[PDB]
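Take a look at the structure below.
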Amino acid sequence: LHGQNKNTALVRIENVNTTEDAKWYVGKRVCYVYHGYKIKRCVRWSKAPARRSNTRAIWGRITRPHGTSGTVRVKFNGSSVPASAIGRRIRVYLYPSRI
Amino acid sequence: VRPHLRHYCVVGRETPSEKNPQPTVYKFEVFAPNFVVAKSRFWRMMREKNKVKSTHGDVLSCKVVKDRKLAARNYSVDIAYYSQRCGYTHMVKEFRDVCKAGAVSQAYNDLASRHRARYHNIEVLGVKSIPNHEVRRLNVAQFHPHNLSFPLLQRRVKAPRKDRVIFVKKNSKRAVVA
Amino acid sequence: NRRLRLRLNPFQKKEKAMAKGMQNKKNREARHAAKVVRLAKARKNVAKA
Amino acid sequence: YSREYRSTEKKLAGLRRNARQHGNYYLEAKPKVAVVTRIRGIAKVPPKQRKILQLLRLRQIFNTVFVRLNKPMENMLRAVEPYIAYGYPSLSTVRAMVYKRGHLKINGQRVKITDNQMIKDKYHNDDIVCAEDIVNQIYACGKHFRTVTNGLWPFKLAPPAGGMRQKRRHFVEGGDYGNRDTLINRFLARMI
Amino acid sequence: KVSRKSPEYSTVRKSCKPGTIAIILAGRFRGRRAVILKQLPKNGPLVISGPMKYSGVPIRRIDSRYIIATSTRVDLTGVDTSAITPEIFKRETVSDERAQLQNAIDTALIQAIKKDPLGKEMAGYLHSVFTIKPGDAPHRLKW
Amino acid sequence: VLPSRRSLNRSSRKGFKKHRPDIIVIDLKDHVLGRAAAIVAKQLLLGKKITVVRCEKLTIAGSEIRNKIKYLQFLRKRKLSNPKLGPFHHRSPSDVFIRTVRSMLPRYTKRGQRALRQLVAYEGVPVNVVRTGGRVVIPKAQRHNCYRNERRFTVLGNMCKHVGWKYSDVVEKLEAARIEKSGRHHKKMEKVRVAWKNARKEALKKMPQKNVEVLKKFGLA
Amino acid sequence: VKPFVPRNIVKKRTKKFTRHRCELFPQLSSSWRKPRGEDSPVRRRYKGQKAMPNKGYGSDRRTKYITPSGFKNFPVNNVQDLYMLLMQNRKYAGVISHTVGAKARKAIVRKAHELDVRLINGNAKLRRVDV
RNA sequence: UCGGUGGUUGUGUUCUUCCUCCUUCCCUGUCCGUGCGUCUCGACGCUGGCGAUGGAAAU
RNA sequence: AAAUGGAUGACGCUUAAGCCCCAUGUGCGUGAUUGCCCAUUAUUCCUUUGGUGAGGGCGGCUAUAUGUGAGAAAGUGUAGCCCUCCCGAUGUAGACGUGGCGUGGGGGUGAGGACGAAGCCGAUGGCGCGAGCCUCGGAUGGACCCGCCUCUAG
Ligand SMILES: [Mg+2]
Ligand SMILES: [Mg+2]
Ligand SMILES: [Mg+2]
Ligand SMILES: [Mg+2]
Ligand SMILES: [Mg+2]
Ligand code: NA
Ligand code: NA
Ligand code: NA
């Protein structure tokens with residue numbers, strides 16, 4: 001009720017709805033995809049010139065579940081995710097895999 | 001398993017001393033959530049009846065009693081609750097249950113909803129498993145007859161927690177969202 | 001921590017071995033069976049006396 | 001010490017069984033030791049309660065100490081009842097606190113226990129030379145209860161990991177403060 | 001006991017064994033299936049080479065954290081895979097020395113799969129592709 | 001909406017013809033007003049596009065007299081010095097739902113204003129929504145899981161009439177026309193539905209003998 | 001010369017402590033002044049106000065006074081001052097004074113290059129070339 | 001744990017515990033070893049991407 | 001039963017989202033003893049600062065050129081002589097401390113300046129918890145000025 005703390009983010013994934021399901025995704029990698037307004041440097045900028053674009057990504061990891069309904073907590077490396085990402089798509093990958 | 005208020009039997013006495021060697025040993029039946037509350041009720045009863053305080057007495061047993069089996073029975077519970085503007089009120093009520101602990105737990109919840117009486121204002125005088133043909137309440141005697149039947153109507157059926165959809169298709173179980 | 005516990009209590013290895021033996025399947029089956037017999041015989045005999 | 005604990009448990013079981021088989025009762029010895037934990041802060045404490053808590057070495061929330069239950073001490077515990085929660089320790093609770101949260105008071109310094117040699121150095125007595133000596137002198141009372149417990153810094157513990165019912169109101173009423181008998185062990189297992 | 005300095009030492013999950021079918025989760029070959037051949041001499045990456053005819057995945061190295069090891073396994077006693085060594089990947093069109101190694105190992109792998117009683121179903125199984133459809137939960141599966 | 005010449009020219013150069021965003025259409029018949037609004041408002045904040053139809057079939061617990069009096073109390077409130085600035089009392093059932101959802105959103109930030117922009121709230125099922133796809137329902141607010149049978153309830157359309165709404169006859173006239181057209185069409189293509197059903201049957205005895213057994217094991221054949 | 005580079009340098013705060021309400025008056029400087037007002041919200045530590053400096057912000061004594069290059073700055077005025085920094089080459093870098101003229105700067109820069117003493121305001125090209 | 005073996009606590013007019021002393025099976029894991037020529041700070045493995053002197057990358 | 005339109009905070013809620021009570025992970029009459037959320041609080045880790053602080057090293061012989069390398073002061077206070085460890089840290093009126101910051105002038109000492117002094121300007125950065133110090137650029141200026149130890153005050 002006192003305000004927000006921006007070093008941790010809350011992510012809702014499709015088809016989890018349970019704490020036991022959210023525990024499967026602890027440690028998985030997460031990225032937020034957006035676009036800028038010109039071509040800046042990227043990974044494999046010189047080896048794969050076809051990758052150059054306005055697209056950019058911000059990465060993070062899942063730390064622990066939140067609540068009892070399948071929400072997870074995410075830390076975005078060192079910085080924090082921008083507030084313009086609220087309500088938008090987040091990618092939850094399947095690696096690193098324990099299975 | 002479901003009911004709170006387990007069945008406790010507390011045995012105690014006043015500490016031996018001169019001017020009263022070999023004091024009488026008393027037995028007490030109480031229904032409490034845990035044995036710490038059970039011993040607290042035992043000393044309250046001892047103080048107000050035998051003029052014996054917990055400082056000058058000792059507890060010999062705080063055992064848990066065992067019930068018979070898992071059949072359906074009738075239980076008569078005579079109970080008393082205190083309130084201002086009315087003093088002490090005594091009543092006898094009948095319940096259907098499986099064990100004595102369950103029947104008394106029902107009585108405590110019943111007194112809460114219908115008369116707004118808390119746990120510490122209620123004293124239980126006794127509980128007994130009575131047979132048919134001598135229960136005086138029709139809300140209990142209506143389950144006695146053999147060939148008793150009734151349907152389940154106005155049911156609210158909730159799905160297992162794993163399925164739990166939010167938006168579902170109108171003419172199918174397609175689960176559009178969640 | 002295993003090595004801190006052993007440093008403070010040199011008898012810990014023997015204490016843990018006794019718990020491991022109590023956990024053994026064959027020994028606990030005999031112990032439970034023997035205990036029932038011992039209690040049954042004493043209860044029957046004390047009532048007779 | 002291990003043999004003494006196992007012999008005492010077997011003897012008490014045999015006496016209790018002997019009484020029950022013959023239709024009588026066996027009275028147990030009154031508890032001699034208690035564990036006292038502070039469950040309230042440092043704001044608005046009346047002068048009498050404030051002085052007692054200082055004499056018990058409980059100046060901070062969730063500080064814990066061991067006391068002997070004689071008549072002078074029991075009268076002190078009753079005066080600060082709404083500020084503490086206490087009960088009777090078990091062998092595992094004593095072992096956990098000494099082995100995991102035990103700090104000695106050497107030369108005015110708070111020193112964590114890491115080996116037996118510093119225990120032998122701090123207590124010049126020959127009856128206290130190892131960690132098992134400290135455990136026995138607390139669990140089974142003992143002639144050096146005061147020497148052992150005063151040579152230990154008050155234990156500093158974390159809040160209960162599952163929460164607590166009600167810091168106001170007595171445990172009998174459904175709260176937290178007051179005497180809890182042996183149920184204090186479940187309370188402490190989530191704090192240590 | 002195995003010393004950490006010895007080459008035979010390795011700390012990988014028991015699911016990832018030679019002959020195990022795996023689903024690739026990242027890289028240009030994401031979603032395909034391949035057969036785990038062996039592990040590099042140190043605690044290095046595994047060497048996967050699905051039959052090039054079936055899945056079109058050549059011999060390469062992969063980290064164990066970027067695959068899912070399934071429960072279906074094919075026996076590899078006949079195959080040797082002793083020619084796979086770290087320096088062949090250290091060298092960094094396809095050289096024909098690499099082609100001959102890939103072709104020879106592939107034939108042994110194909111023959112071993114055919115020797116398995118369910119060879120025809122396995123060959124079709126290795127052709128398939130894994131994807132996440134709208135409305136499925138990978139955490140409820142069993143693999 | 002209303003593509004200008006800039007938009008049509010760009011689509012002509014690029015080669016684009018049509019585009020349709022992902023939208024959920026909810027049939028609001030026999031739904032509790034407050035429970036449906038709370039569920040929809042949270043979904044709007046989570047980045048969803050929602051169209052709700054048949055807003056005149058929403059239900060409110062209580063008698064019609066009780067609920068009509070409640071609205072007349074709301075209508076009494078107005079800025080005395082200048083009523084054209086005061087609270088605005090909308091009268092259509094679809095406008096009432098949007099006002100209820102708006103009070104469950106942070107409406108004085110850009111985030112809440114954007115969320116409210118993603119709800120449409122039609123009355124009946126208009127012609128541009130009929131053929132889009134299957135409609136959905138909210139089982140947590142369906143009023144046959146919510147209300148006891150013996151309790152009286154209000155239909156929103158009946159209450160919105162008698163306080164100012166003057167399109168009840170228009171809505172019911174259009175709805176009856178839609179039912180006849182949809183009913184006639186659905187009776188048609190019964191032959192192709194039966195033909196497809198008679199195709200899945202007799203597909204067995206044509207498939208290989210192993211795939212039919214796998215279908216039987218999983219309870220699909 | 002290559003300094004002993006610290007593994008990590010941590011600054012507790014990068015922003016400066018500016019005066020209260022210095023942005024609303026042109027004549028007020030931005031240098032910190034301790035507020036002494038009975039009703040002052042900065043003094044009373046309200047949640048959304050500016051912070052006041054105290055001892056907790058002090059820098060780690062290990063990496064204090066160390067520039068991003070890894071050197072410590074010592075002012076230098078003539079050629080003779082360069083010989084104090086010769087032995088402690090990897091710890092100190094010279095800073096030529098602002099008022100030293102262009103004629104004297106030629107001798108200082110020439111001598112420093114011979115002695116392998118780093119300067120922060122010399123010529124960049126001479127630092128690039130290796131011998 | 002079993003079978004014997006005599007001292008012990010306590011009911012009831014014999015048996016009930018606990019001990020010490022042998023006999024059967026059953027379980028687990030034993031011993032030894034490495035101080036520095038006064039003190040302190042410094043030393044950042046493997047794989048890929050980016051960087052080959054440029055209106056360059058990175059912080 | 002009252003004087004502007006209007007407040008369980010609002011919407012709303014009636015198989016309550018109301019009143020009185022009872023429970024809890026995966027699996028609620030078969031897992032006995034943590035369903036979950038939020039602090040300048042508690043535990044734990046890192047850093048600063050002050051101590052009625054607690055310990056330790058300080059007699060430099062192991063061997064070594066360039067084309068594994070730097071320090072070490074017997075010490076209140078500094079860029080703290082160095083290394084471990086423990087305990088406190090908010091605060092109006094008020095008291096005290098600081099090899100704490102800054103300004104004009106005197107005695108000493110050491111420099112700078114027409115290859116450009118003071119003054120002035122700044123998306124010039126660096127250092128310090130801070131008062132502040134210093135470099136940079138001027139497509140500004142055109143003759144004086146500063147570091148350190150002490151003394152002094154309009
Ligand atoms: Mg609480
Ligand atoms: Mg700064
Ligand atoms: Mg004031
Ligand atoms: Mg202060
Ligand atoms: Mg003057
Ligand atoms: Na109070
Ligand atoms: Na200003
Ligand atoms: Na409220």
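Naming scheme: A, B, ... for chains in displayed order of the structure tokens; residues 1 onward per chain; ligands 1 onward as shown.
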Point to revise | Contact set, chain I to chain A: 10 Å, only C-alpha atoms (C1' of nucleotides), as a PyMOL selection string | key: chain I and resi 25-26+35-39
Can I get the selection written as a PDB file, in the first residue's frame, with N, CA, C and O atoms (P, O5', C5', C4', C3', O3' and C1' of nucleotides)?
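Below is the file that was written, result24.pdb:
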```pdb
ATOM      1  P     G I  25      -2.350 -27.953   3.914  1.00  0.00           P
ATOM      2  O5'   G I  25      -1.438 -27.016   3.006  1.00  0.00           O
ATOM      3  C5'   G I  25      -2.005 -26.177   2.010  1.00  0.00           C
ATOM      4  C4'   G I  25      -1.144 -26.131   0.774  1.00  0.00           C
ATOM      5  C3'   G I  25      -1.115 -27.404  -0.058  1.00  0.00           C
ATOM      6  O3'   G I  25      -2.206 -27.479  -0.959  1.00  0.00           O
ATOM      7  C1'   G I  25       1.096 -26.648   0.306  1.00  0.00           C
ATOM      8  P     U I  26      -2.995 -28.858  -1.185  1.00  0.00           P
ATOM      9  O5'   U I  26      -2.080 -29.673  -2.201  1.00  0.00           O
ATOM     10  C5'   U I  26      -1.795 -29.172  -3.499  1.00  0.00           C
ATOM     11  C4'   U I  26      -0.597 -29.863  -4.095  1.00  0.00           C
ATOM     12  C3'   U I  26      -0.718 -31.373  -4.246  1.00  0.00           C
ATOM     13  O3'   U I  26      -1.366 -31.735  -5.453  1.00  0.00           O
ATOM     14  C1'   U I  26       1.349 -30.833  -3.212  1.00  0.00           C
ATOM     15  P     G I  35       0.495 -23.048   6.698  1.00  0.00           P
ATOM     16  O5'   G I  35       0.399 -22.474   5.216  1.00  0.00           O
ATOM     17  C5'   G I  35       0.516 -23.334   4.092  1.00  0.00           C
ATOM     18  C4'   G I  35      -0.169 -22.767   2.872  1.00  0.00           C
ATOM     19  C3'   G I  35       0.354 -21.437   2.356  1.00  0.00           C
ATOM     20  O3'   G I  35       1.526 -21.575   1.572  1.00  0.00           O
ATOM     21  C1'   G I  35      -2.006 -21.390   2.412  1.00  0.00           C
ATOM     22  P     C I  36       2.803 -20.642   1.847  1.00  0.00           P
ATOM     23  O5'   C I  36       2.354 -19.198   1.345  1.00  0.00           O
ATOM     24  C5'   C I  36       2.203 -18.925  -0.038  1.00  0.00           C
ATOM     25  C4'   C I  36       1.354 -17.704  -0.282  1.00  0.00           C
ATOM     26  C3'   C I  36       1.988 -16.357   0.015  1.00  0.00           C
ATOM     27  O3'   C I  36       2.853 -15.922  -1.018  1.00  0.00           O
ATOM     28  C1'   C I  36      -0.238 -16.407   0.826  1.00  0.00           C
ATOM     29  P     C I  37       4.024 -14.866  -0.718  1.00  0.00           P
ATOM     30  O5'   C I  37       3.270 -13.489  -0.442  1.00  0.00           O
ATOM     31  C5'   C I  37       2.609 -12.795  -1.490  1.00  0.00           C
ATOM     32  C4'   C I  37       2.097 -11.443  -1.053  1.00  0.00           C
ATOM     33  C3'   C I  37       3.080 -10.532  -0.342  1.00  0.00           C
ATOM     34  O3'   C I  37       3.959  -9.882  -1.238  1.00  0.00           O
ATOM     35  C1'   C I  37       0.966 -10.456   0.737  1.00  0.00           C
ATOM     36  P     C I  38       5.428  -9.448  -0.765  1.00  0.00           P
ATOM     37  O5'   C I  38       5.183  -8.161   0.137  1.00  0.00           O
ATOM     38  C5'   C I  38       4.943  -6.897  -0.458  1.00  0.00           C
ATOM     39  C4'   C I  38       4.381  -5.901   0.524  1.00  0.00           C
ATOM     40  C3'   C I  38       5.300  -5.436   1.640  1.00  0.00           C
ATOM     41  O3'   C I  38       6.242  -4.460   1.219  1.00  0.00           O
ATOM     42  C1'   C I  38       3.143  -5.893   2.509  1.00  0.00           C
ATOM     43  P     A I  39       7.802  -4.618   1.573  1.00  0.00           P
ATOM     44  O5'   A I  39       8.087  -3.474   2.645  1.00  0.00           O
ATOM     45  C5'   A I  39       7.901  -3.710   4.036  1.00  0.00           C
ATOM     46  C4'   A I  39       7.913  -2.435   4.843  1.00  0.00           C
ATOM     47  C3'   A I  39       9.300  -1.937   5.246  1.00  0.00           C
ATOM     48  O3'   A I  39       9.369  -0.510   5.244  1.00  0.00           O
ATOM     49  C1'   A I  39       8.016  -2.427   7.192  1.00  0.00           C
TER      50        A I  39
END
```
Exercise for review: Give the residue list for ligand 2 at 9 Å, counting only C-alpha atoms (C1' of nucleotides) and all ligand atoms, as a PyMOL selection string, sorted by chain and then by residue number.
Suggested key: (chain G and resi 11-17) or (chain I and resi 127-129)
Produce a file of the selected residues containing N, CA, C and O atoms (P, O5', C5', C4', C3', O3' and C1' of nucleotides), as a PDB file, in the first residue's frame.
```pdb
ATOM      1  N   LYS G  11      30.598   2.986  -5.891  1.00  0.00           N
ATOM      2  CA  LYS G  11      30.180   4.270  -5.343  1.00  0.00           C
ATOM      3  C   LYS G  11      28.771   4.109  -4.794  1.00  0.00           C
ATOM      4  O   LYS G  11      27.868   3.683  -5.520  1.00  0.00           O
ATOM      5  N   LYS G  12      28.589   4.438  -3.516  1.00  0.00           N
ATOM      6  CA  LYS G  12      27.281   4.270  -2.894  1.00  0.00           C
ATOM      7  C   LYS G  12      26.245   5.182  -3.535  1.00  0.00           C
ATOM      8  O   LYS G  12      25.091   4.785  -3.717  1.00  0.00           O
ATOM      9  N   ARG G  13      26.636   6.402  -3.882  1.00  0.00           N
ATOM     10  CA  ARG G  13      25.741   7.353  -4.519  1.00  0.00           C
ATOM     11  C   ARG G  13      26.508   8.122  -5.581  1.00  0.00           C
ATOM     12  O   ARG G  13      27.662   8.503  -5.370  1.00  0.00           O
ATOM     13  N   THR G  14      25.871   8.332  -6.730  1.00  0.00           N
ATOM     14  CA  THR G  14      26.441   9.124  -7.813  1.00  0.00           C
ATOM     15  C   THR G  14      25.853  10.526  -7.879  1.00  0.00           C
ATOM     16  O   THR G  14      26.571  11.485  -8.174  1.00  0.00           O
ATOM     17  N   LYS G  15      24.568  10.668  -7.578  1.00  0.00           N
ATOM     18  CA  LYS G  15      23.932  11.974  -7.564  1.00  0.00           C
ATOM     19  C   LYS G  15      24.519  12.848  -6.460  1.00  0.00           C
ATOM     20  O   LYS G  15      25.014  12.358  -5.445  1.00  0.00           O
ATOM     21  N   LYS G  16      24.466  14.156  -6.675  1.00  0.00           N
ATOM     22  CA  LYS G  16      24.954  15.121  -5.704  1.00  0.00           C
ATOM     23  C   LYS G  16      23.842  15.546  -4.755  1.00  0.00           C
ATOM     24  O   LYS G  16      22.659  15.518  -5.098  1.00  0.00           O
ATOM     25  N   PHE G  17      24.237  15.943  -3.551  1.00  0.00           N
ATOM     26  CA  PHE G  17      23.310  16.489  -2.568  1.00  0.00           C
ATOM     27  C   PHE G  17      23.150  17.976  -2.846  1.00  0.00           C
ATOM     28  O   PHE G  17      24.063  18.763  -2.583  1.00  0.00           O
TER      29      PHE G  17
ATOM     30  P     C I 127      35.787   9.793 -10.014  1.00  0.00           P
ATOM     31  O5'   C I 127      36.394  10.568  -8.762  1.00  0.00           O
ATOM     32  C5'   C I 127      37.728  10.344  -8.335  1.00  0.00           C
ATOM     33  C4'   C I 127      38.146  11.323  -7.266  1.00  0.00           C
ATOM     34  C3'   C I 127      37.296  11.366  -6.013  1.00  0.00           C
ATOM     35  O3'   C I 127      37.499  10.278  -5.133  1.00  0.00           O
ATOM     36  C1'   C I 127      37.783  13.563  -6.691  1.00  0.00           C
ATOM     37  P     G I 128      36.237   9.629  -4.385  1.00  0.00           P
ATOM     38  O5'   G I 128      35.879  10.675  -3.244  1.00  0.00           O
ATOM     39  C5'   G I 128      36.749  10.875  -2.144  1.00  0.00           C
ATOM     40  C4'   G I 128      36.335  12.056  -1.304  1.00  0.00           C
ATOM     41  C3'   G I 128      34.928  12.041  -0.742  1.00  0.00           C
ATOM     42  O3'   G I 128      34.757  11.156   0.349  1.00  0.00           O
ATOM     43  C1'   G I 128      35.416  14.188  -1.568  1.00  0.00           C
ATOM     44  P     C I 129      33.574  10.070   0.329  1.00  0.00           P
ATOM     45  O5'   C I 129      32.247  10.926   0.514  1.00  0.00           O
ATOM     46  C5'   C I 129      30.993  10.431   0.071  1.00  0.00           C
ATOM     47  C4'   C I 129      29.852  11.021   0.857  1.00  0.00           C
ATOM     48  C3'   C I 129      29.712  12.532   0.803  1.00  0.00           C
ATOM     49  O3'   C I 129      28.989  12.957  -0.338  1.00  0.00           O
ATOM     50  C1'   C I 129      29.511  11.774   3.042  1.00  0.00           C
TER      51        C I 129
END
```
Exercise for review: Dump as a PyMOL selection string the residues of chain I that approach chain F to within 10 Å, counting only C-alpha atoms (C1' of nucleotides).
Suggested key: chain I and resi 4-6+10-17
Practice item. Compute the set of chain H residues within 12 Å of chain E, using only C-alpha atoms (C1' of nucleotides), and express it as number ranges by chain. Key: H: 46-48
Would you write out those residues with N, CA, C and O atoms (P, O5', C5', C4', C3', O3' and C1' of nucleotides), as a PDB file, in the first residue's frame?
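The resulting selection25.pdb:
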```pdb
ATOM      1  P     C H  46      41.545 -20.371 -20.045  1.00  0.00           P
ATOM      2  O5'   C H  46      40.267 -21.227 -20.451  1.00  0.00           O
ATOM      3  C5'   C H  46      40.325 -22.644 -20.517  1.00  0.00           C
ATOM      4  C4'   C H  46      38.965 -23.236 -20.786  1.00  0.00           C
ATOM      5  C3'   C H  46      38.242 -22.709 -22.012  1.00  0.00           C
ATOM      6  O3'   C H  46      38.677 -23.325 -23.213  1.00  0.00           O
ATOM      7  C1'   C H  46      36.753 -22.760 -20.174  1.00  0.00           C
ATOM      8  P     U H  47      38.702 -22.500 -24.591  1.00  0.00           P
ATOM      9  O5'   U H  47      37.166 -22.282 -24.949  1.00  0.00           O
ATOM     10  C5'   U H  47      36.364 -23.357 -25.415  1.00  0.00           C
ATOM     11  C4'   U H  47      34.927 -22.940 -25.595  1.00  0.00           C
ATOM     12  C3'   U H  47      34.678 -21.765 -26.525  1.00  0.00           C
ATOM     13  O3'   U H  47      34.698 -22.123 -27.895  1.00  0.00           O
ATOM     14  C1'   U H  47      33.432 -21.474 -24.543  1.00  0.00           C
ATOM     15  P     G H  48      35.335 -21.123 -28.979  1.00  0.00           P
ATOM     16  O5'   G H  48      34.252 -19.963 -29.140  1.00  0.00           O
ATOM     17  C5'   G H  48      33.183 -20.089 -30.063  1.00  0.00           C
ATOM     18  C4'   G H  48      32.000 -19.232 -29.684  1.00  0.00           C
ATOM     19  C3'   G H  48      32.021 -17.791 -30.159  1.00  0.00           C
ATOM     20  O3'   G H  48      31.638 -17.658 -31.517  1.00  0.00           O
ATOM     21  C1'   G H  48      31.314 -17.883 -27.900  1.00  0.00           C
TER      22        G H  48
END
```
Practice item. Skip range 77-86 of chain A itself and residues of its chain fewer than 6 positions away, then list as JSON, numbers by chain all residues within 9 Å of it, counting only C-alpha atoms (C1' of nucleotides). Key: {"A": [6, 7, 8, 9, 32, 34, 58, 59, 60, 61], "F": [45, 46, 47, 111]}
Find the residues of chain I that sit at most 9 Å from ligand 4; for each, write down the nearest two atoms and how far apart they are in Å, to one decimal. Count only C-alpha atoms (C1' of nucleotides) and all ligand atoms. Sort by chain, then by number going up, and give it as a tab-separated table.
```
residue	atom	partner	partner_atom_place_in_ligand_line	distance
I:89	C1'	ligand 4	1 (Mg)	7.7
I:90	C1'	ligand 4	1 (Mg)	6.9
I:91	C1'	ligand 4	1 (Mg)	6.8
```
Practice item. Show me which residues sit within 10 Å of ligand 3 when counting only C-alpha atoms (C1' of nucleotides) and all ligand atoms, and put them as a VMD selection string. Key: (chain G and resid 37 to 40 44) or (chain I and resid 92)
Exercise for review: Using DSSP on the backbone coordinates, identify the residues of chain D assigned to strand (DSSP E or B); present them as a PyMOL selection string.
Suggested key: chain D and resi 33-38+63-68+84-87+103-106+109-112+152+155-156+170+177-179
Point to revise | Exercise answer, 8 Å around ligand 1 with only C-alpha atoms (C1' of nucleotides) and all ligand atoms, as a PyMOL selection string | key: chain D and resi 163-167
Could you turn the residues from that selection into a file that holds N, CA, C and O atoms, as a compact mmCIF listing (two decimals), in the first residue's frame?
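Once written, again.txt looks like this:
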```
# COMPACT_ATOMS: atom_id res chain seq x y z
N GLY D 163 4.84 -17.54 10.83
CA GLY D 163 4.02 -16.55 11.49
C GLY D 163 3.61 -16.98 12.88
O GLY D 163 3.98 -18.05 13.38
N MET D 164 2.82 -16.13 13.52
CA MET D 164 2.34 -16.37 14.86
C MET D 164 0.88 -15.96 14.95
O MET D 164 0.40 -15.15 14.15
N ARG D 165 0.17 -16.53 15.92
CA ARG D 165 -1.27 -16.33 16.00
C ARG D 165 -1.62 -14.89 16.36
O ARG D 165 -2.26 -14.18 15.58
N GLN D 166 -1.20 -14.45 17.54
CA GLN D 166 -1.60 -13.14 18.04
C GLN D 166 -0.61 -12.75 19.13
O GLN D 166 -0.55 -13.42 20.16
N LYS D 167 0.16 -11.69 18.89
CA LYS D 167 1.16 -11.29 19.88
C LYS D 167 0.50 -10.72 21.13
O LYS D 167 1.04 -10.87 22.23
```
Review point. So which residues are near ligand 5, meaning at most 12 Å away with only C-alpha atoms (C1' of nucleotides) and all ligand atoms counted, given back as a VMD selection string?
Key: chain I and resid 103 to 105 152 to 154
**Study point:** Residue neighbourhood range 123-132 of chain E, 8 Å, only C-alpha atoms (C1' of nucleotides), exclusion window fewer than 4 positions, as a ChimeraX atom specification
**Key:** /E:23,31-34,50,54-55,113,119,136
Any chance you could export the current selection's N, CA and C atoms as an mmCIF file, in the first residue's frame?
```cif
data_model
loop_
_atom_site.group_PDB
_atom_site.id
_atom_site.type_symbol
_atom_site.label_atom_id
_atom_site.label_comp_id
_atom_site.auth_asym_id
_atom_site.auth_seq_id
_atom_site.Cartn_x
_atom_site.Cartn_y
_atom_site.Cartn_z
ATOM 1 N N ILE E 23 15.471 -33.623 -27.398
ATOM 2 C CA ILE E 23 14.816 -32.538 -28.115
ATOM 3 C C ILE E 23 15.652 -31.280 -27.930
ATOM 4 N N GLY E 31 13.756 -27.545 -31.777
ATOM 5 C CA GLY E 31 12.563 -28.327 -32.001
ATOM 6 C C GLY E 31 12.780 -29.678 -32.645
ATOM 7 N N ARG E 32 13.999 -30.004 -33.050
ATOM 8 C CA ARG E 32 14.267 -31.276 -33.697
ATOM 9 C C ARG E 32 14.738 -32.307 -32.676
ATOM 10 N N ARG E 33 14.863 -33.549 -33.130
ATOM 11 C CA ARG E 33 15.302 -34.650 -32.288
ATOM 12 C C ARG E 33 16.637 -35.182 -32.786
ATOM 13 N N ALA E 34 17.437 -35.696 -31.857
ATOM 14 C CA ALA E 34 18.756 -36.212 -32.186
ATOM 15 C C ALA E 34 19.138 -37.277 -31.170
ATOM 16 N N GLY E 50 21.990 -36.647 -34.712
ATOM 17 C CA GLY E 50 20.849 -37.345 -35.242
ATOM 18 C C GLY E 50 21.171 -37.788 -36.650
ATOM 19 N N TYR E 54 17.361 -38.397 -41.375
ATOM 20 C CA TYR E 54 16.096 -38.305 -40.656
ATOM 21 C C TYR E 54 15.803 -36.877 -40.207
ATOM 22 N N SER E 55 16.653 -36.318 -39.349
ATOM 23 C CA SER E 55 16.404 -34.990 -38.802
ATOM 24 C C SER E 55 17.223 -33.894 -39.466
ATOM 25 N N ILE E 113 19.511 -48.450 -35.232
ATOM 26 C CA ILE E 113 18.100 -48.110 -35.067
ATOM 27 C C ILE E 113 17.218 -49.164 -35.723
ATOM 28 N N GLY E 119 11.856 -50.291 -35.260
ATOM 29 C CA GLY E 119 12.716 -49.452 -36.078
ATOM 30 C C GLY E 119 11.946 -48.492 -36.965
ATOM 31 N N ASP E 136 -1.252 -25.464 -24.434
ATOM 32 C CA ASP E 136 -0.692 -26.677 -23.855
ATOM 33 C C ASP E 136 0.305 -26.306 -22.767
#
```
Using only C-alpha atoms, I'd like a table of the residues in chain F that come within 6 Å of chain B; for each, show the closest atom pair and its distance in Å rounded to one decimal, ordered by chain and ascending number, as JSON lines.
```
{"residue": "F:135", "atom": "CA", "partner": "B:170", "partner_atom": "CA", "distance": 5.9}
{"residue": "F:136", "atom": "CA", "partner": "B:169", "partner_atom": "CA", "distance": 4.3}
{"residue": "F:137", "atom": "CA", "partner": "B:168", "partner_atom": "CA", "distance": 5.6}
{"residue": "F:138", "atom": "CA", "partner": "B:167", "partner_atom": "CA", "distance": 5.2}
{"residue": "F:145", "atom": "CA", "partner": "B:156", "partner_atom": "CA", "distance": 5.8}
```
